[PDB]
Amino acid sequence: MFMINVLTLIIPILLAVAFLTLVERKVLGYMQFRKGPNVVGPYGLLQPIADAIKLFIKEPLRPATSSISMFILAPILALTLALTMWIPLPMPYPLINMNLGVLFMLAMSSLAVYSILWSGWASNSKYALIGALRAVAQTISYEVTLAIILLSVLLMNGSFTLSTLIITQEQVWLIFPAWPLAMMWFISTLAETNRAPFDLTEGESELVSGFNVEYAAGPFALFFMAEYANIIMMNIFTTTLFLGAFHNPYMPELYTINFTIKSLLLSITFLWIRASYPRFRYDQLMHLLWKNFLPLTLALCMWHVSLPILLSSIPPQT
Amino acid sequence: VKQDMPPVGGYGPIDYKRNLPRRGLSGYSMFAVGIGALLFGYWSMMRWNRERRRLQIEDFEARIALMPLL
Ligand SMILES: CCCCCCCCCCCCCCCCCC(=O)OC[C@H](COP(=O)([O-])OCC[N+](C)(C)C)OC(=O)CCCCCCCCCCCCCCCCC
């Protein structure tokens with residue numbers, strides 16, 4: 001019975017990833033004064049099916065100079081970590097109701113970097129090494145500020161449980177008292193997933209393709225669905241953190257519709273940002289978070305740890 | 001004869017200058033809006049957190065009443 005629950009969790013997110021490829025292509029085309037795919041089917045509904053069937057009947061092309069074991073393990077680890085880290089999200093009831101879901105998602109987001117790193121190192125190429133080291137630089141740029149942002153915004157919730165975050169935002173949204181943390185969190189989620197303007201790993205300008213330049217079709221699709229499932233999970237995580245919707249225990253479909261449309265708007269905002277900005281340099285991103293975001297994050301952390309004591313508004317931990 | 005020529009009065013005006021309309025508010029307005037939003041959020045959070053503390057105290061004293069039988 002739990003098998004039914006986990007398969008009904010993991011199949012619609014793959015379908016969502018494919019239709020996210022469709023929506024990304026069509027919306028990005030329409031923002032560039034042109035049209036997206038509409039010839040494959042009725043309004044292009046069959047383009048992701050054609051892409052998926054095409055990519056799984058092509059040659060795998062395992063290189064000779066690459067360590068084959070890590071070359072196979074890295075996309076498997078990427079897709080796996082993209083799968084078993086959707087679980088603690090309350091929709092409105094999570095599949096796994098972890099007591100420490102926030103730290104779990106932090107740890108498994110730290111673990112997903114190793115797939116990119118071992119993909120870059122395993123395939124014996126210089127561009128893959130450059131992409132892997134740029135991923136390392138991006139991780140050391142963003143991780144500490146991301147964790148302090150989460151700690152400062154969880155001081156009003158009471159605990160690390162993601163299920164109690166709806167109860168915290170039952171009266172008002174959490175973006176009203178923590179909007180600078182919300183903006184910094186949005187930039188951190190943009191830089192976490194290597195999305196534009198902080199791509200810097202699959203750079204088609206400075207490099208050819210980066211870490212996945214030696215990965216032909218079949219294994220290359222795994223990184224694509226891992227990245228797109230990652231951006232959907234960041235959108236849902238940001239929606240739960242800062243845009244908590246009204247929850248009725250008798251009608252969970254209201255909360256499901258509400259956070260579904262909010263996460264869709266957040267993904268639309270992601271693609272809106274993608275089409276409009278030039279790519280950051282990966283040394284400028286390093287000085288962005290470590291010099292501008294970090295002092296403000298420390299000041300806001302001290303403000304948010306001295307605020308509930310000041311106002312007799314310390315939230316319960318139960 | 002018939003050739004491609006401009007008319008007697010010439011053509012209309014053609015622009016060649018940079019046009020940036022400078023749309024938006026001053027810094028004081030947006031900073032005051034942000035401060036007001038922060039104050040409203042802080043007040044709502046203080047009220048809801050006090051209510052949640054009272055509810056937690058009620059649940060704890062319910063457990064206190066239920067303890068000896070268990
Ligand atoms: C989740 C909700 C929605 C969030 C926003 C999402 C939609 C909008 C997205 C916009 C596009 C973003 C694209 C990526 C941009 C990347 C660059 C970037 O972000 O750079 C950050 C830039 C960095 O600046 P920089 O890169 O220009 O560096 C300047 C460097 N020097 C100075 C040396 C030249 O700005 C910040 O770091 C600001 C962070 C947020 C600040 C919030 C302040 C709130 C108010 C505080 C109080 C102020 C009053 C005074 C005190 C009063 C006390 C009572």
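Determined via electron microscopy, 3.5 Å.
Heads up, the Cβ atoms here are built off N, Cα and C, so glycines get one too.
Through the fold, the transmembrane segment (A:2-22) approaches residues 36-37, 44-45, 47-49, 51-52, 83, 86-87, 95, 224-225, 228-229, 231-232, 267 of its own chain, all at least 6 residues removed from its boundaries and within a Cβ separation under 8 Å. Marked as transmembrane segment by Swiss-Prot: A:2-22 (among others).
Beyond its flanks by at least six residues, the transmembrane segment (A:68-88) meets 9-10, 13, 62, 94-98, 101, 104-105, 108-109, 111-112, 114-116, 118-119, 121-123, 162, 215, 219, 222-223, 225-226, 229-230, 233 of its own chain at Cβ-Cβ distances under 8 Å. Taken from Swiss-Prot, the feature transmembrane segment applies to A:68-88 (among others), supported by sequence analysis.
Annotated transmembrane segment per Swiss-Prot: A:100-120 (among others), in sequence order. Note on the transmembrane segment (A:100-120): residues 70-71, 73-75, 77-78, 81-82, 84-85, 88-89, 94, 128-133, 135-136, 139, 143, 146-147, 150, 154, 160-163, 192, 194, 201, 210-212, 215, 223, 226, 230, 237 of its chain, located 6 or more positions outside it, place their CB under 8 angstroms from a CB of the stretch.
Sequence-distant contacts of the transmembrane segment (A:147-167) (same chain, six or more residues past either end, CB-CB distance under 8 Å): 88-90, 92-94, 97-103, 106, 174, 177-178, 181, 184-185, 188, 240-242, 244-245, 247, 255, 294, 297-298, 300-301, 304-305, 307-308, 315-317. Taken from Swiss-Prot, the feature transmembrane segment covers A:147-167 (among others).
The transmembrane segment annotation in Swiss-Prot covers A:172-192 (among others).
Residues or ranges marked as transmembrane segment in Swiss-Prot: A:217-237 (among others).
With a cut-off of 8 Å between Cβ atoms, the residues of this chain six or more beyond the transmembrane segment (A:253-273) that come close are 20, 23-24, 27-28, 31, 91-92, 166, 190, 195-197, 231-232, 235-236, 238-240, 243, 245-247. The feature transmembrane segment is assigned by Swiss-Prot to A:253-273 (among others), with sequence analysis given as support.
Summarising the annotation, Swiss-Prot assigns transmembrane segment to A:294-314 (among others) and lists sequence analysis as the type of evidence. Cβ atoms under 8 Å from those of the transmembrane segment (A:294-314) belong to residues 144-145, 148-149, 151-153, 155-156, 178, 180-181, 184 of the same chain, restricted to positions at least 6 beyond its ends.
Sequence-distant neighbours of the transmembrane segment (A:172-192) (same chain, 6+ residues past either end, Cβ-Cβ under 8 Å): 109, 138, 141-142, 145-146, 149-150, 152-153, 156, 198, 234, 237-238, 241-244, 270, 273, 285, 289, 293, 296-297, 300, 304.
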